[PDB]
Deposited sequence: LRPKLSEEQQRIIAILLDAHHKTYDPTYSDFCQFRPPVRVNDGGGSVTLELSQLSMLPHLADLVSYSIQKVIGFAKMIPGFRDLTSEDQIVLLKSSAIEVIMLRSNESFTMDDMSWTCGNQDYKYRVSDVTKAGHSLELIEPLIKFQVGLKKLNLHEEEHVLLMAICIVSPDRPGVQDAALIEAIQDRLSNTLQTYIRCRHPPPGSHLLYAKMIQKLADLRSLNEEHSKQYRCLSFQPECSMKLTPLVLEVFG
């Protein structure tokens, strides 16, 4: 069966497309406002050296901080999100933040050279930049695997925005109070996505692959949390971050 999208489902898709267009600048025009990228010599990927310098950390922390603000804005526009309590909205945003950033970064991600191309050479980010921010291969290798696997799904913009909305509105996040309300909002989003794929995605299993990406994001979130904890032990690290990053990941 291929039921047509209801008027309400068509409205949800329009709302989410508009939300993404207002909160994701595909020209990356604000990036020059961040603390500048610094790329030192570290061909060997020396952990001691990367931790002693964290050369790319101020630029990447400003980029993540900016992205969290945009994600907060996108989330406020998800139909139903405003019906949740303030406490539940914050629990969902804090727990999903890194996962939504990983999803949204797929738009700048290119398989041409396995980089995140956000403008000129200064804003072209690679694995080596993430290591220069104090992260290890345990996060980097599954991160690139996730980006390639997601890129290969060739998602329509409608599917990409619904995936980010489903990611945020997850009833199984620790500390949630009204899990039933969150689940109701997510089911409305999931049904819209499932109906959209069946009635709009041409051939050549897509929904199950998308659900799998959400599970992959949980593993990446856990690995990122462990790595952030290690990074927080580096003296003077806090100054290289932002108050928003400190609160979200602390």
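Asker: What ranges of the deposited sequence are left out of this structure?
Answerer: No C-alpha for residues 205 to 207, nothing else.
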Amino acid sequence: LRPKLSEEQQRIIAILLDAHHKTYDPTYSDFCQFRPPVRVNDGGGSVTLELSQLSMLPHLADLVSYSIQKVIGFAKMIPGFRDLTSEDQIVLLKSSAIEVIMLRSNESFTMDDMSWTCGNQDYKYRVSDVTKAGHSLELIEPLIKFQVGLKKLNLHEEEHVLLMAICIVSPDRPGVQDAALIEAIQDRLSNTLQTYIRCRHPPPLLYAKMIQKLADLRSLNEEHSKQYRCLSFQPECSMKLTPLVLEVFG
From here on, numbers count along this sequence of modelled residues.
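Asker: Should the higher mean CA B-factor in the entry be assigned to 139 to 147 or to 113 to 121?
Answerer: Between 113 to 121 and 139 to 147, it is 113 to 121 that shows the higher mean C-alpha B-factor.
Asker: Please compare 5 to 13 with 19 to 27 and name the stretch with the higher mean C-alpha B-factor in the deposited structure.
Answerer: Stretch with the greater average CA B-factor: 5 to 13.
Asker: Based on what the PDB entry reports, which of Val71, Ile168, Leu84, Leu103 has the top C-alpha B-factor?
Answerer: Most elevated C-alpha B-factor of the set, per the entry: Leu84.
Asker: Among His59, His224, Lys213, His201, where is the Cα temperature factor highest, going by the PDB entry?
Answerer: That would be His201.
Asker: Relative to the other modelled residues of the same chain, rank the CA B-factor of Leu189 and answer lowest, middle or highest third.
Answerer: It belongs to the middle third of the chain when residues are ordered by C-alpha B-factor.
Asker: By its CA B factor, does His160 count among the lowest, middle or highest third of the modelled residues in the chain?
Answerer: Tercile = lowest for this residue's CA B-factor.
Asker: Would you mind ranking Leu220 by its C-alpha B-factor against the rest of the chain and naming the third, lowest, middle or highest?
Answerer: Within its chain, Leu220 is a lowest-third residue by C-alpha B-factor, going by the deposited values.
Asker: Name the third of the chain's ranked CA B-factors that contains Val127, choosing lowest, middle or highest.
Answerer: For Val127, whose C-alpha B-factor we compare with every modelled residue in the chain, the answer is the highest third.
Asker: Quick one: classify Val40 as lowest, middle or highest third of the chain based on its Cα B-factor.
Answerer: Highest third.
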